[PDB]
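Chemist: Let me give you the complex in parts, starting here:
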Amino acid sequence: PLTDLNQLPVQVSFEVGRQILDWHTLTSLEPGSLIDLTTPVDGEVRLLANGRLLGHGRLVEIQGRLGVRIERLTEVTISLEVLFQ
């Protein structure tokens, strides 16, 4: 139990791409296959929390480490499961 619920861990994804693939395409994927996202290398990023949209950001590079700069945020209702002592 957390004395402070603000410490609660939220699952957050950074989505760099989305594509509709048909079963045949999926099925012919293998280690080594290259998927072209077709979008810029300093690309848009959707921030998701539990699969739901939180805002948008832009990939940036910092000393060989990848990061994201937040550009906009949106309001959204996050579900949390909390353990009572």
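Modeler: Alright, I've got the coordinates. Numbering: from 1, shown residues only, chains lettered A, B, ... in the order given.
Chemist: Tell me who's in contact with the closest residue to residue A:78 other than its chain neighbours.
Modeler: The shortest distance from residue A:78 to any non-neighbouring residue, by C-beta to C-beta, 6 or more residues apart in numbering, is to residue A:49 (5.5 Å). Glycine gets a C-beta too; all of them are placed from N, C-alpha and C. By C-beta atoms under 8 Å, 6 or more residues apart in numbering, residue A:49 lies in contact with A:10, A:11, A:12, A:13, A:76, A:78.
Chemist: Kindly report the same for residue A:47.
Modeler: A:12, A:13, A:14, A:15, A:53, A:54, A:55, A:56, A:57, A:68, A:70.
Chemist: Wait, the first one touches residue A:54, no?
Modeler: Yes: counting by C-beta atoms under 8 Å, residue A:54 is a contact partner of residue A:12 at 7.2 Å.
Chemist: So between those two, which is more surrounded?
Modeler: Between residue A:12 and residue A:54, counted using other C-beta atoms under 10 Å, residue A:54 has the larger neighbour count: 20 against 11.
Chemist: any idea whether the more buried one is helix, strand or coil?
Modeler: strand (DSSP: H, G, I helix; E, B strand; the rest coil).
Chemist: could you also fit chain B onto it:
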Amino acid sequence: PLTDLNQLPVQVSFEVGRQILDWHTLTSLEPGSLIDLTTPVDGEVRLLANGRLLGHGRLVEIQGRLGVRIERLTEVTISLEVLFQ
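Modeler: That brings us to chain B, laid onto the chains above:
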């Protein structure tokens, strides 16, 4: 009028970086905020098929464009829907 199930669409998404921010961190987010994704500039990409983990890959930059090179595929049950005629 889909009569070949091998052509059924699947929504694939590509995700990079950590999957956990606490609430202090999410509530402090604003435009301009920077987030370290806890991965190198290449780094882990997760492939999701309709939101379920389908495999893992690496971000690559092919000719100024973002791509994903597949490294591994995981077994998973995908839910599809067809209109019978």
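Chemist: once more on the contacts of residue A:49, this time with chain B?
Modeler: Contact analysis of residue A:49 by C-beta atoms under 8 Å, 6 or more residues apart in numbering or on different chains lists A:10, A:11, A:12, A:13, A:76, A:78, B:26.
Chemist: Let's see that with 7 Å instead.
Modeler: A:10, A:11, A:12, A:78 (C-beta atoms under 7 Å, 6 or more residues apart in numbering or on different chains).
Chemist: List the beta-bridge partners for it.
Modeler: Bridge pairing for residue A:49 (DSSP bridges) gives the partners residue A:12, residue A:52.
Chemist: Quick one: the helices in chain A, in order.
Modeler: For chain A, applying DSSP state H gives helices covering A:23-27.
Chemist: which residues in chain A form strands?
Modeler: A:9-22, A:34-40, A:44-49, A:52-62, A:65-73 (DSSP state E).
Chemist: deepest of the ones you listed, which one?
Modeler: strand A:44-49 (a mean of 20; mean count of other C-beta atoms under 10 Å in any protein chain shown).
Chemist: what's the angle between that one and strand B:65-73?
Modeler: 50 degrees (axes from the mean of the first three to the mean of the last three C-alpha atoms, to 10 degrees).
Chemist: mind saving the C-alpha coords of strand A:44-49 as PDB?
Modeler: C-alpha atoms of strand A:44-49 as PDB (Å, rounded to 0.1, in the frame of the first residue of the first chain):
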ATOM      1  CA  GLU A  44       5.300  12.300 -34.300                       C
ATOM      2  CA  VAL A  45       4.600  10.200 -31.200                       C
ATOM      3  CA  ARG A  46       1.300   9.400 -29.600                       C
ATOM      4  CA  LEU A  47       1.500   9.200 -25.900                       C
ATOM      5  CA  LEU A  48      -0.900   6.500 -24.600                       C
ATOM      6  CA  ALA A  49      -1.800   5.500 -21.100                       C
END
